[PDB]
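Report on one structure; see the data block that follows.
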Amino acid sequence: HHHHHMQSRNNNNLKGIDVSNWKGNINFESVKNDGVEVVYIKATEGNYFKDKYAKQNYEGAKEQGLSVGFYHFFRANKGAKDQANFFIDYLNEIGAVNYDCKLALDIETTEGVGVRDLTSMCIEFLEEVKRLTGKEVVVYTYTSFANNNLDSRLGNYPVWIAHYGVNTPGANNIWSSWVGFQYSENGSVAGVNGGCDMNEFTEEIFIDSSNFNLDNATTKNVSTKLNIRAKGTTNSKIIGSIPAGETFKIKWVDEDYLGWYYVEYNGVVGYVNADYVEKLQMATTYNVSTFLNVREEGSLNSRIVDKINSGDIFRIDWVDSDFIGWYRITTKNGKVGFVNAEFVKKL
């Protein structure tokens, strides 16, 4: 019968780990060369504990070009906003002003607090952190803990779920999807002594969400279809095709194959001859201090269907003649609509 679950692990996800003072000295270059891409570091616990290795780990991780995040171990017996401030004050105290991942609330104990109140406290903490940093947050906890000692109100925040021994986090009555999955506490990672905490993170773990990762190219001078080959060579095997006029995503240009684009179209990843590729027009906001409305059609009385956050990247699809002065676009979230030209900067 029906069994709704969260997504399973996926090699396509970012490889991550999380450390604390318990690990002592860590060789981050080694961690960097072990495939690890993001590192969450413990910063504080309650309003009475500072992880003394946070600065060392933050600087070490950043030196290796790794993405960094910090987590606070919540102690419900202490003030919620008090702890939020304790947490942020310490990050500043150690000069950690360039973390790349959402601030994490590690909630895994109740300290004897009821469900309604414990959930309320977590919310207070989360909002205070957002208020203080203007940055986003993520909730870390274990499946059964959430199902028994917290209520669904925390479902408004993304979750970094912990559940070992499985390829899929278990049934959850608060979240239906995760941005982080801690699947093991006994992993073996170069540069970390003993058993290391292992994680898979989706791109939503990042604070910077301005990127556009949808199709950015289409064909040109192609009468019917554009061949996708295993390598940038007609001597290479055709592993796919792109019908004329369709869009796809250019990943990058490979050195061994200049003059070709490494792309992805409907599941296939290969090389295409650049002479037949036309890049689509990317753009961002201009003179937008907050956000830009995306409307159903190019008019001020038209239903607002989405928003473009200052600095976000979107695609200009075409100019609809019915709405001169506006662009028909596609947002980083796949949504289509119109935006006022006075606020767009082509890239």
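What follows is calculated from the coordinates using simple rules that are stated; it is not laboratory data. Cβ atoms come from the backbone with ideal geometry, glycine included; neighbour counts cover every protein chain shown.
Here are a few things to note about the model shown:
- For the chain, a Gaussian network of Cα nodes joined below 10 Å ranks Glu63, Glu45, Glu278 by mean-square fluctuation, and the top entry is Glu278.
- Rounded to the nearest 0.05, the FRET efficiency derived from the C-beta distance between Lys251 and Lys220 at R0 = 22 Å is 0.75.
- Extension gain (nm, one decimal) between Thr110 and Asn167, 0.36 nm per residue minus Cα-Cα: 17.8 nm
- Most mobile listed residue (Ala146, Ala244, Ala171) in the chain, GNM with C-alpha springs under 10 Å: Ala244
- Dipole of the range 1-211 [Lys/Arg +1, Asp/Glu -1 at C-beta], most positive-end residue of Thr109, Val38, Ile88: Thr109
- Dipole in debye (nearest 20) - the chain, about Cα centre, beta carbon charges: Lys, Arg +1; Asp, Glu -1: 440
- Judged by the ratio a/c of the largest to the smallest principal axis of the C-alpha gyration tensor, the range 177-290 counts as oblate, that ratio being 1.5 or greater while a/b is no larger than b/c.
- Table column - 3J(HN,Hα) (Hz), the range 194-203, Karplus curve with 6.51, -1.76, 1.60, x for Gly and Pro: x, x, 9, 6, 9, 9, 10, 10, 8, 4
- Karplus (6.51, -1.76, 1.60) ³J(HN,Hα), θ = phi - 60°, over the range 220-232, in Hz, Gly and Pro reported as x: 8, 6, 10, 5, 10, 8, 10, 5, 10, 10, 4, 9, x
- Charge tally in the Cβ shell below 13 Å around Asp215, where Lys, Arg are +1 and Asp, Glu are -1, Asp215 excluded: +1
- Global form of the range 1-211, assessed from the alpha-carbon gyration tensor, a/c cut-off 1.5: oblate
- Between the range 7-53 and the range 216-269, the C-alpha centres lie 37 angstrom from each other.
- Taking amide H as placed 1.01 Å from N in the peptide plane, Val68 has its amide H under 5 Å from the amide H of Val39, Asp100, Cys101, each at least 5 places away in sequence or on another chain.
- Only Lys, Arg, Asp and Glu carry charge here, each on its Cβ (+1 for the first two, -1 for the last two); on that basis the range 1-154 has a dipole of about 100 debye about its Cα centre.
- Counting only DSSP beta bridges whose two residues both lie in the chain, roughly 70 percent are antiparallel.
- Interchain or long-range residues, amide H under 5 Å from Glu185's placed H: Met198
- With contacts taken as Cα pairs under 8 Å at a separation of at least 6 residues, the chain carries a relative contact order of 12 percent.
- Partners of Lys332 within straight-line reach, counting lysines whose Cα lies under 17 Å from its Cα and excluding those fewer than 8 residues away in the same chain: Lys249, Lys251, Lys279, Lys307, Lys345, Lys346.
- Distances between placed amide hydrogens fall under 5 Å for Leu226 paired with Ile242, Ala244, all partners being 5 or more residues away or on another chain.
- Cβ-defined net charge surrounding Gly180, 10 Å radius [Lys, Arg +1; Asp, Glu -1]: -2
- GNM top mover of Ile250, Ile174, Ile205 - the chain, alpha-carbon springs below 10 Å: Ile250
- Inter-centroid distance (Cα atoms) of the range 282-335 relative to the range 78-152, Å: 34
- Farthest toward positive dipole pole in the range 1-211 [+1 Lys/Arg, -1 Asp/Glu at C-beta], among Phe70, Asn147, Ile161: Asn147
- Listed residue (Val305, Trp318, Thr285) projecting farthest to the positive dipole end of the range 280-347, Cβ model: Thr285
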